[PDB]
Structures are given as C-alpha cells and as structure tokens.
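K.L.:
Quick one: the structure is below, questions incoming.
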Amino acid sequence: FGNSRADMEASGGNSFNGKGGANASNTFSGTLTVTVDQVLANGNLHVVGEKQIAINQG
Amino acid sequence: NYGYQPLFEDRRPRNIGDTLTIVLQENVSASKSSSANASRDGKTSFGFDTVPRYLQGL
C-alpha cells in the first residue's frame, strides 16, 4: 500500500429526461336552416344547407 | 276583390307580393386550437481522478 499504489478515486454519472405531448380542440356555435335533399331507405333524411353573409368588406 | 280571407287565422304571406318581417339575428362563433411538443435531454460523464497502479494501463 506504499507510494499510493492502491489509492484510487472514481466518479460517474448518467442522466436522461424525455417528455412530449399534444392537444387539440374545436368549438362551434350557431344556427342554420338546411333543406332535405334525399330520404333514405330507413327514413333518415340527407340535409344540406348554406348561409352567405356579406358585411361591409367581405 | 281580394279573394277569401280567413277570419281567425294568423296573418301570413300566402301569394306573390305579400310582405313578411324578417328579424335578422345571427350569432356564429367557431374556434379551434392545437399544439405539440417534444423534448430530450441527456448528460453522461465518467472520470478517474485517482487511478491505482494495477489499473493504470486501463
């Protein structure tokens, strides 16, 4: 053990941090009058409708 | 002669040229938003401050 033959010192480190995420949203509010353009075999009604508003510059 | 006119029925437009009051009340509002993120951090280290003799060559 003389002459620092067995003296030793070591250190080590390892680090990892990952993360992730996502999100989506949508809202819609209004009222629209549509018209029936087809009646299906079970009585369900296909409906289509369009509202066009022009206010000033569009 | 203006033809037959119902007595107790509410006054409705029935023929071409009849007038009707439209109360314009429109309130439409739609919105959508989304986001995504991802992160990754990595750190690694190793150090031999004092190396014993039998480990020196390595």
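Identifiers in the structure tokens: chain A, B, ... in order shown; residue index from 1 per chain; ligand index from 1 in order shown.
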Would you give me, as a ChimeraX atom specification, the residues of chain A that come within 6 Å of chain B, using only C-alpha atoms?

P.N.:
/A:5-30

K.L.:
Where does DSSP see strand (DSSP E or B) in chain A, if you list the residues as a PyMOL selection string?

P.N.:
chain A and resi 9-29+35-39+45-48

K.L.:
For residue 34 in chain A, work out the shell of residues within 12 Å, counting only C-alpha atoms and skipping chain neighbours fewer than 6 positions away, then give it as a list in words.

P.N.:
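Final neighbour list, sorted by chain and number: residues 45, 46, 47, 48, 49, 50 and 51 of chain A.
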
K.L.:
How far is it from CA of residue 18 in chain B to CA of residue 35 in chain A, in Å with one decimal?

P.N.:
23.1 Å

K.L.:
Quote the spacing between CA of residue 33 in chain A and CA of residue 22 in chain B in Å to one decimal place.

P.N.:
14.2 Å
